[PDB]
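Novice: Shown below is the structure under consideration.
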Amino acid sequence: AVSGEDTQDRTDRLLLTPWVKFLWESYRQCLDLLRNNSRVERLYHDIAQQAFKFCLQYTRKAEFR
Amino acid sequence: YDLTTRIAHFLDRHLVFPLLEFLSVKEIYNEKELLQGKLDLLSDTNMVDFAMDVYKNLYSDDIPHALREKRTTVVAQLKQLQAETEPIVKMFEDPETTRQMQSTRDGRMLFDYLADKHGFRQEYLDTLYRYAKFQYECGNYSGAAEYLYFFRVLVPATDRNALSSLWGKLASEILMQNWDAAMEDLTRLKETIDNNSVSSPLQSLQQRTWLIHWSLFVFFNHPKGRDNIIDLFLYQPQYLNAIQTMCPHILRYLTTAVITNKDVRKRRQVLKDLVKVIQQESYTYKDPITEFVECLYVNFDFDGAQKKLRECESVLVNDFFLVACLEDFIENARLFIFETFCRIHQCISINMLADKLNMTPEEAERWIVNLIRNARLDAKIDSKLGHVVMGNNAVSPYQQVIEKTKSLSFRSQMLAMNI
Amino acid sequence: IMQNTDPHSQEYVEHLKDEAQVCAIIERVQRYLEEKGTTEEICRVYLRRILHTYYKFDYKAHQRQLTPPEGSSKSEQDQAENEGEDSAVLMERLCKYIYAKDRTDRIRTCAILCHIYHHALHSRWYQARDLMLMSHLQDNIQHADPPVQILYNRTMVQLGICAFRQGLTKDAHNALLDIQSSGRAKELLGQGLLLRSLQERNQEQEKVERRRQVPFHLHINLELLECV
């Protein structure tokens, strides 16, 4: 009880957190190497707005990066 | 302390003679009596403090301790039991032994004269061996024990015997009320414990408790020895780093010896190093009087302070422990707080003061006028009210630096100006 | 076992269910014992006994003292357990004479720095500073190795936290300022980063210390420490 957290995070780290890291890594891989206007065509802006919505829906820690 | 890493293995196993039993199941106020639960143990037998007790509240529990002593005089013990109307039929062994001591004595007493007569060392040292053997058997030959340790204290095993003998002498000669002979051991035991034989924690602590008792009976104004016990070893509330030791009076009588004989400028060194340290933290949980005397004082309470200070002085006058200075504490316990309360004050009533300490306002007035005569406060009486007024705001501290900060530089530039 | 599962997960709590069972084994080494009596060198099993009670926290230490003291059963079958923290002073004192058999300073000095942590939580704050400032061990544990130094730094922070819990802000500041003189608290827990400045250049020694550090549930909280 000096250092133990309440049980909600304890079940969601068992079953959910690998998937929120997979969504972060999935948005982070394509909007760097490929999708942005470092070239000249396929507009990224439909996707670029969604990562901030994801920080509010799931976990705020991704916004700083 | 650095010795206390050693004391922490032994865990209070001191070499007491009486084995923890005392005048048990007591009626009246306990922090007074609890000292005969540390003395009457580390200090061996302490029988004048049995005889003291009955005069305030009757006991028959002094009697079991009063069976068990011989070096005061064997037969004084043999009467106090008979006086309590006790059959003790088989007292046939002290008449056997203490008689046959007279038969043994007629040898040593003869050898003793003839040796100090000749001035011949060998006949005196074989006597000293025969006689330092003997003078632990009975102390009623008090002049013989006094003559024995007069010429030579260096016996065939020196410091080992000398310590238990000068201690047995410092103990017995206080019980004889031979205060001059105890004042001889005041000189000799304090050196013998400093020039220590082994420094074992079981005895090093007990030897520092034995430093109390030559100051304690106050026949010839001995409390000046406060100045000795602060110099002979480093400052401690109890001179034993084992916190299972507790004397209340060592600090009360130190507080008496500081204030009643020396200037109050000398008392806040004690308020730090003797009224706050690790032994004294345990002490502050326990003793009512000596707590009120300083904790209320240093907090600069005045209301609860000078009331509960005045309440201590009811428990002081109940003291039948022998001291000369019990009343100069009662005096100074009112003086010392008053100076400090009035130190930063605006306006105190002589009438409020006189209601508290239960004096008339005239007495309180001449008392205050004498506190101002002594120049322990700069104050002035509003005579119309009977209120007394301190009022230094002392503004403009600027000028204090200004003379010297140039008078330094003007005479110190002369240095570099020379050559 | 307990160092090698993620503490932020269900499996850690499922593995704490053995921490009573190790005590149920070593507590049995008392009623059934033949070695030479209890006092030759078997007394190791009741240093191993206190190594599962020395840390146990303020709430748990008062389960027989403020949580109803009179309500529980009182037979000799129960009183062996109801001795509780009195066993933690019985096992401070009785066998110091037998532990004085060992010349190894790096074993001899360690016990007192676990023992103070008993008094600090199970009794008054003074009784912790007592057994500390009797003992003067800092220069000795600077000659001793890091797994003994863990107990010195761990106990000294409690002498400051208990000072704040009594309200004496000066002696709280005096004790806590030593540990708070540098950002070292994560490396004093044994869990530092291989890089966090331009300094860090060791690698041979790091895997020795990752094998030599304290388990998760015995960590005192760092946000609490910094707030205190």
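The way I read the labels, and the way they are meant: chains A, B, ... in the order of the structure tokens, residue 1 as the first residue of every chain, and ligand 1 as the first ligand shown, with later ones counted on from there.
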Tell me, as number ranges by chain, which residues lie within 10 Å of residue C:96, counting only C-alpha atoms; anything in the same chain fewer than 2 positions away does not count.
Specialist: B: 8-10; C: 91-94, 98-101, 108, 111
Novice: Would you write out those residues with N, CA and C atoms, as a PDB file, in the first residue's frame?
Specialist:
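Okay, this is what ended up in selection_25.pdb:
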ATOM      1  N   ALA B   8      26.194  -0.288  23.291  1.00  0.00           N
ATOM      2  CA  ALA B   8      25.068  -0.916  22.598  1.00  0.00           C
ATOM      3  C   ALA B   8      25.134  -2.458  22.482  1.00  0.00           C
ATOM      4  N   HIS B   9      26.306  -3.099  22.640  1.00  0.00           N
ATOM      5  CA  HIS B   9      26.368  -4.572  22.760  1.00  0.00           C
ATOM      6  C   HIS B   9      25.945  -5.055  24.154  1.00  0.00           C
ATOM      7  N   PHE B  10      26.282  -4.312  25.212  1.00  0.00           N
ATOM      8  CA  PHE B  10      26.128  -4.809  26.579  1.00  0.00           C
ATOM      9  C   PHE B  10      24.717  -4.593  27.157  1.00  0.00           C
TER      10      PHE B  10
ATOM     11  N   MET C  91      14.684 -10.317  18.986  1.00  0.00           N
ATOM     12  CA  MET C  91      15.681 -10.596  17.949  1.00  0.00           C
ATOM     13  C   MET C  91      16.564  -9.385  17.584  1.00  0.00           C
ATOM     14  N   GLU C  92      16.429  -8.234  18.252  1.00  0.00           N
ATOM     15  CA  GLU C  92      17.489  -7.211  18.236  1.00  0.00           C
ATOM     16  C   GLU C  92      18.584  -7.559  19.257  1.00  0.00           C
ATOM     17  N   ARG C  93      18.189  -8.046  20.439  1.00  0.00           N
ATOM     18  CA  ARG C  93      19.027  -8.055  21.647  1.00  0.00           C
ATOM     19  C   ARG C  93      19.669  -9.394  22.009  1.00  0.00           C
ATOM     20  N   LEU C  94      18.926 -10.506  21.990  1.00  0.00           N
ATOM     21  CA  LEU C  94      19.353 -11.749  22.657  1.00  0.00           C
ATOM     22  C   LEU C  94      20.664 -12.359  22.133  1.00  0.00           C
ATOM     23  N   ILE C  98      26.405 -13.906  20.168  1.00  0.00           N
ATOM     24  CA  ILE C  98      26.707 -15.027  19.264  1.00  0.00           C
ATOM     25  C   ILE C  98      27.109 -14.519  17.867  1.00  0.00           C
ATOM     26  N   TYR C  99      26.473 -13.463  17.350  1.00  0.00           N
ATOM     27  CA  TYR C  99      26.905 -12.805  16.105  1.00  0.00           C
ATOM     28  C   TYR C  99      28.300 -12.153  16.214  1.00  0.00           C
ATOM     29  N   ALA C 100      28.775 -11.842  17.425  1.00  0.00           N
ATOM     30  CA  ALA C 100      30.159 -11.436  17.690  1.00  0.00           C
ATOM     31  C   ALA C 100      31.217 -12.535  17.399  1.00  0.00           C
ATOM     32  N   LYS C 101      30.805 -13.749  17.001  1.00  0.00           N
ATOM     33  CA  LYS C 101      31.682 -14.817  16.490  1.00  0.00           C
ATOM     34  C   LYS C 101      32.379 -14.455  15.164  1.00  0.00           C
ATOM     35  N   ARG C 108      29.110  -8.264  10.059  1.00  0.00           N
ATOM     36  CA  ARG C 108      28.969  -7.792  11.453  1.00  0.00           C
ATOM     37  C   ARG C 108      28.210  -6.461  11.597  1.00  0.00           C
ATOM     38  N   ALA C 111      23.469  -5.624  10.561  1.00  0.00           N
ATOM     39  CA  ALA C 111      22.254  -5.906  11.328  1.00  0.00           C
ATOM     40  C   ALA C 111      21.603  -4.655  11.955  1.00  0.00           C
TER      41      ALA C 111
END
Novice: Name all residues at most 12 Å from residue A:28 (count only C-alpha atoms; drop same-chain ones fewer than 6 positions away) and give them as a list in words.
Specialist: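 Within the cut-off, the hits are residues 21, 22, 34, 35, 36, 47, 48, 50, 51, 62, 63 and 65 of chain A.
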Novice: What does the file look like for those residues with N, CA, C and O atoms, as a PDB file, in the first residue's frame?
Specialist:
ATOM      1  N   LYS A  21       0.541   1.230 -27.876  1.00  0.00           N
ATOM      2  CA  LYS A  21       1.895   1.399 -28.416  1.00  0.00           C
ATOM      3  C   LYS A  21       1.969   1.013 -29.897  1.00  0.00           C
ATOM      4  O   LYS A  21       2.635   1.705 -30.662  1.00  0.00           O
ATOM      5  N   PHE A  22       1.232  -0.007 -30.337  1.00  0.00           N
ATOM      6  CA  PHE A  22       1.136  -0.354 -31.757  1.00  0.00           C
ATOM      7  C   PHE A  22       0.446   0.734 -32.597  1.00  0.00           C
ATOM      8  O   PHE A  22       0.930   1.048 -33.679  1.00  0.00           O
ATOM      9  N   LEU A  34       7.165   8.439 -45.485  1.00  0.00           N
ATOM     10  CA  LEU A  34       6.339   8.291 -46.692  1.00  0.00           C
ATOM     11  C   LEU A  34       5.318   9.415 -46.912  1.00  0.00           C
ATOM     12  O   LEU A  34       5.260   9.984 -48.004  1.00  0.00           O
ATOM     13  N   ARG A  35       4.464   9.685 -45.920  1.00  0.00           N
ATOM     14  CA  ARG A  35       3.153  10.312 -46.162  1.00  0.00           C
ATOM     15  C   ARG A  35       3.173  11.835 -46.290  1.00  0.00           C
ATOM     16  O   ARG A  35       2.309  12.400 -46.948  1.00  0.00           O
ATOM     17  N   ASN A  36       4.125  12.496 -45.639  1.00  0.00           N
ATOM     18  CA  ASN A  36       4.219  13.955 -45.601  1.00  0.00           C
ATOM     19  C   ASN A  36       4.637  14.565 -46.956  1.00  0.00           C
ATOM     20  O   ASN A  36       5.185  13.899 -47.834  1.00  0.00           O
ATOM     21  N   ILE A  47      -4.991  12.498 -42.027  1.00  0.00           N
ATOM     22  CA  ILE A  47      -4.373  11.595 -41.050  1.00  0.00           C
ATOM     23  C   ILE A  47      -3.643  12.386 -39.957  1.00  0.00           C
ATOM     24  O   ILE A  47      -3.742  12.056 -38.776  1.00  0.00           O
ATOM     25  N   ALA A  48      -2.946  13.466 -40.330  1.00  0.00           N
ATOM     26  CA  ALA A  48      -2.095  14.235 -39.418  1.00  0.00           C
ATOM     27  C   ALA A  48      -2.846  14.832 -38.211  1.00  0.00           C
ATOM     28  O   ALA A  48      -2.272  14.984 -37.135  1.00  0.00           O
ATOM     29  N   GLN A  50      -5.366  13.310 -36.608  1.00  0.00           N
ATOM     30  CA  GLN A  50      -5.943  12.233 -35.786  1.00  0.00           C
ATOM     31  C   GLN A  50      -5.067  11.822 -34.591  1.00  0.00           C
ATOM     32  O   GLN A  50      -5.578  11.363 -33.574  1.00  0.00           O
ATOM     33  N   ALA A  51      -3.756  12.018 -34.668  1.00  0.00           N
ATOM     34  CA  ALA A  51      -2.829  11.645 -33.602  1.00  0.00           C
ATOM     35  C   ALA A  51      -3.035  12.457 -32.303  1.00  0.00           C
ATOM     36  O   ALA A  51      -2.833  11.944 -31.199  1.00  0.00           O
ATOM     37  N   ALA A  62       2.123  10.697 -25.842  1.00  0.00           N
ATOM     38  CA  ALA A  62       2.590  10.769 -27.223  1.00  0.00           C
ATOM     39  C   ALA A  62       2.638  12.201 -27.803  1.00  0.00           C
ATOM     40  O   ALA A  62       3.345  12.421 -28.785  1.00  0.00           O
ATOM     41  N   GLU A  63       1.930  13.181 -27.227  1.00  0.00           N
ATOM     42  CA  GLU A  63       1.846  14.540 -27.795  1.00  0.00           C
ATOM     43  C   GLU A  63       3.197  15.262 -27.861  1.00  0.00           C
ATOM     44  O   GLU A  63       3.481  15.943 -28.845  1.00  0.00           O
ATOM     45  N   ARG A  65       6.349  14.149 -28.378  1.00  0.00           N
ATOM     46  CA  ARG A  65       7.002  13.688 -29.615  1.00  0.00           C
ATOM     47  C   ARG A  65       6.208  14.103 -30.863  1.00  0.00           C
ATOM     48  O   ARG A  65       6.839  14.614 -31.791  1.00  0.00           O
TER      49      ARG A  65
END
Novice: As a PyMOL selection string, list the residues of stretch 7-181 of chain C assigned to helix (DSSP H, G or I) by DSSP on the backbone atoms of this structure.
Specialist: chain C and resi 10-16+19-26+42-46+50-52+58-61+76-82+84-93+96-99+105-108+110-122+126-135+138-141+146-166+169-179
Novice: Could you jot down the atom CA of residue B:72 to atom CA of residue B:249 separation for me, Å, one decimal place?
Specialist: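 Value for the atom CA of residue B:72-atom CA of residue B:249 distance: 25.6 Å.
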Novice: At what distance in Å, to one decimal, does atom CA of residue C:1 lie from atom CA of residue C:17?
Specialist: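 These atoms are spaced 12.2 Å apart.
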Novice: Which of these residues is nearest to residue A:27, using only C-alpha atoms: A:41, A:9, A:1, A:49?
Specialist: A:49
Novice: Could you produce a table of the residues of chain A lying within 12 Å of chain C, with the nearest pair of atoms per residue and their separation in Å rounded to one decimal, using only C-alpha atoms, ordered by chain and increasing residue number, as a Markdown table?
Specialist:
| residue | atom | partner | partner_atom | distance |
| --- | --- | --- | --- | --- |
| A:1 | CA | C:57 | CA | 8.9 |
| A:2 | CA | C:220 | CA | 6.7 |
| A:3 | CA | C:221 | CA | 5.7 |
| A:4 | CA | C:217 | CA | 7.6 |
| A:5 | CA | C:8 | CA | 8.0 |
| A:6 | CA | C:8 | CA | 10.2 |
| A:7 | CA | C:10 | CA | 8.5 |
| A:8 | CA | C:9 | CA | 10.2 |
| A:9 | CA | C:8 | CA | 7.7 |
| A:10 | CA | C:9 | CA | 4.9 |
| A:11 | CA | C:10 | CA | 6.7 |
| A:12 | CA | C:9 | CA | 8.6 |
| A:13 | CA | C:9 | CA | 6.3 |
| A:14 | CA | C:9 | CA | 6.1 |
| A:15 | CA | C:9 | CA | 9.9 |
| A:16 | CA | C:9 | CA | 11.7 |
| A:17 | CA | C:9 | CA | 11.0 |
Novice: Those selected residues, please, written with N, CA and C atoms and delivered as a compact mmCIF listing (two decimals), in the first residue's frame.
Specialist:
# COMPACT_ATOMS: atom_id res chain seq x y z
N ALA A 1 0.77 -1.25 0.00
CA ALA A 1 0.00 0.00 0.00
C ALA A 1 0.81 1.32 0.00
N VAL A 2 2.10 1.29 0.36
CA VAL A 2 3.01 2.45 0.27
C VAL A 2 3.32 2.84 -1.19
N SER A 3 3.29 1.89 -2.13
CA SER A 3 3.73 2.09 -3.53
C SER A 3 2.83 1.41 -4.58
N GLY A 4 1.85 0.60 -4.17
CA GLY A 4 0.93 -0.14 -5.04
C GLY A 4 -0.22 0.72 -5.59
N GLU A 5 -0.36 0.73 -6.92
CA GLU A 5 -1.42 1.41 -7.66
C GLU A 5 -2.76 0.65 -7.61
N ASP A 6 -3.89 1.36 -7.73
CA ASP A 6 -5.22 0.74 -7.85
C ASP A 6 -5.37 -0.08 -9.15
N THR A 7 -6.27 -1.08 -9.12
CA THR A 7 -6.24 -2.23 -10.04
C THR A 7 -6.63 -1.96 -11.50
N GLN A 8 -7.13 -0.77 -11.86
CA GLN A 8 -7.58 -0.49 -13.23
C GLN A 8 -6.42 -0.52 -14.24
N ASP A 9 -5.32 0.18 -13.96
CA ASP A 9 -4.13 0.14 -14.82
C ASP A 9 -3.50 -1.27 -14.84
N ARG A 10 -3.60 -2.00 -13.73
CA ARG A 10 -3.03 -3.35 -13.58
C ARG A 10 -3.66 -4.37 -14.53
N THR A 11 -4.96 -4.27 -14.84
CA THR A 11 -5.60 -5.08 -15.89
C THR A 11 -5.38 -4.51 -17.29
N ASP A 12 -5.38 -3.19 -17.48
CA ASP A 12 -5.19 -2.62 -18.82
C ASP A 12 -3.74 -2.74 -19.33
N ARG A 13 -2.72 -2.76 -18.47
CA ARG A 13 -1.35 -3.10 -18.89
C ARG A 13 -1.19 -4.56 -19.32
N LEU A 14 -1.97 -5.47 -18.73
CA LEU A 14 -1.98 -6.89 -19.11
C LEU A 14 -2.53 -7.11 -20.53
N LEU A 15 -3.55 -6.36 -20.95
CA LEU A 15 -4.32 -6.68 -22.16
C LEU A 15 -4.42 -5.56 -23.22
N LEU A 16 -4.26 -4.29 -22.86
CA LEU A 16 -4.46 -3.13 -23.76
C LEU A 16 -3.17 -2.41 -24.15
N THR A 17 -2.22 -2.16 -23.24
CA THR A 17 -1.12 -1.23 -23.57
C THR A 17 -0.22 -1.62 -24.76
Novice: Report the distance between atom CA of residue B:313 and atom CA of residue B:327 in Å, rounded to one decimal place.
Specialist: 8.8 Å
Novice: I need the residue nearest chain C from this list: B:38, B:90, B:384, B:6. Use only C-alpha atoms for the distance.
Specialist: B:6
Novice: Counting only C-alpha atoms, a student should be able to say which residues of chain B come within 8 Å of chain C; what is the right answer, written as a CSV table (one decimal) with C-alpha atoms, in the first residue's frame?
Specialist:
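So the final result, stored in part.csv, reads:
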chain,number,residue,atom,x,y,z
B,1,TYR,CA,28.9,8.8,21.3
B,2,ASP,CA,32.0,6.8,20.1
B,4,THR,CA,28.2,4.1,22.7
B,5,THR,CA,28.9,1.7,19.7
B,8,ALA,CA,25.1,-0.9,22.6
B,9,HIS,CA,26.4,-4.6,22.8
B,11,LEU,CA,22.5,-3.4,26.9
B,278,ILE,CA,19.9,12.7,23.0
B,281,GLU,CA,15.2,13.8,25.0
Novice: Please identify all polymer residues within 10 Å of residue B:342, counting only C-alpha atoms, omitting same-chain residues fewer than 2 positions from it, and present them as a list in words.
Specialist: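 Residues near the query, excluding close chain neighbours: residues 302, 337, 338, 339, 340, 344, 345, 346, 347, 348, 376, 377, 378, 379, 388, 389 and 390 of chain B.
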Novice: Convert the current residue selection to file output with N, CA and C atoms, as a PDB file, in the first residue's frame.
Specialist:
ATOM      1  N   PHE B 302       4.743  32.869  29.838  1.00  0.00           N
ATOM      2  CA  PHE B 302       4.792  33.655  31.079  1.00  0.00           C
ATOM      3  C   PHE B 302       3.650  33.256  32.001  1.00  0.00           C
ATOM      4  N   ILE B 337      12.974  33.745  35.093  1.00  0.00           N
ATOM      5  CA  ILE B 337      11.878  33.810  34.125  1.00  0.00           C
ATOM      6  C   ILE B 337      11.401  35.245  33.918  1.00  0.00           C
ATOM      7  N   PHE B 338      11.359  36.046  34.991  1.00  0.00           N
ATOM      8  CA  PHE B 338      10.794  37.389  34.989  1.00  0.00           C
ATOM      9  C   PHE B 338      11.588  38.334  34.099  1.00  0.00           C
ATOM     10  N   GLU B 339      12.916  38.327  34.258  1.00  0.00           N
ATOM     11  CA  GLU B 339      13.873  39.051  33.413  1.00  0.00           C
ATOM     12  C   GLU B 339      13.645  38.773  31.925  1.00  0.00           C
ATOM     13  N   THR B 340      13.466  37.495  31.586  1.00  0.00           N
ATOM     14  CA  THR B 340      13.344  37.026  30.205  1.00  0.00           C
ATOM     15  C   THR B 340      11.976  37.361  29.608  1.00  0.00           C
ATOM     16  N   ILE B 344      11.566  41.870  26.165  1.00  0.00           N
ATOM     17  CA  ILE B 344      11.052  42.491  24.926  1.00  0.00           C
ATOM     18  C   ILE B 344       9.703  43.184  25.148  1.00  0.00           C
ATOM     19  N   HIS B 345       9.278  43.285  26.409  1.00  0.00           N
ATOM     20  CA  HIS B 345       7.887  43.549  26.769  1.00  0.00           C
ATOM     21  C   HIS B 345       7.511  45.014  26.533  1.00  0.00           C
ATOM     22  N   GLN B 346       6.221  45.335  26.581  1.00  0.00           N
ATOM     23  CA  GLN B 346       5.754  46.721  26.688  1.00  0.00           C
ATOM     24  C   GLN B 346       5.474  47.106  28.128  1.00  0.00           C
ATOM     25  N   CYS B 347       4.503  46.442  28.749  1.00  0.00           N
ATOM     26  CA  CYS B 347       3.892  46.933  29.970  1.00  0.00           C
ATOM     27  C   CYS B 347       3.309  45.741  30.717  1.00  0.00           C
ATOM     28  N   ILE B 348       3.912  45.385  31.843  1.00  0.00           N
ATOM     29  CA  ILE B 348       3.432  44.324  32.733  1.00  0.00           C
ATOM     30  C   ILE B 348       2.893  44.975  33.997  1.00  0.00           C
ATOM     31  N   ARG B 376      19.388  44.077  35.313  1.00  0.00           N
ATOM     32  CA  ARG B 376      19.033  42.901  34.513  1.00  0.00           C
ATOM     33  C   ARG B 376      17.956  43.241  33.490  1.00  0.00           C
ATOM     34  N   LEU B 377      17.376  44.434  33.610  1.00  0.00           N
ATOM     35  CA  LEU B 377      16.467  44.998  32.643  1.00  0.00           C
ATOM     36  C   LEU B 377      16.637  46.504  32.718  1.00  0.00           C
ATOM     37  N   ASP B 378      16.436  47.173  31.587  1.00  0.00           N
ATOM     38  CA  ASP B 378      16.282  48.619  31.523  1.00  0.00           C
ATOM     39  C   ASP B 378      14.802  48.845  31.337  1.00  0.00           C
ATOM     40  N   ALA B 379      14.179  49.390  32.365  1.00  0.00           N
ATOM     41  CA  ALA B 379      12.740  49.553  32.449  1.00  0.00           C
ATOM     42  C   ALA B 379      12.484  50.692  33.411  1.00  0.00           C
ATOM     43  N   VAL B 388       4.843  48.299  34.929  1.00  0.00           N
ATOM     44  CA  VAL B 388       6.270  48.473  34.661  1.00  0.00           C
ATOM     45  C   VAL B 388       6.484  48.277  33.187  1.00  0.00           C
ATOM     46  N   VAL B 389       7.332  49.135  32.626  1.00  0.00           N
ATOM     47  CA  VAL B 389       7.368  49.457  31.214  1.00  0.00           C
ATOM     48  C   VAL B 389       8.781  49.298  30.693  1.00  0.00           C
ATOM     49  N   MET B 390       8.939  48.433  29.702  1.00  0.00           N
ATOM     50  CA  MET B 390      10.112  48.333  28.835  1.00  0.00           C
ATOM     51  C   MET B 390       9.649  48.830  27.469  1.00  0.00           C
TER      52      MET B 390
END
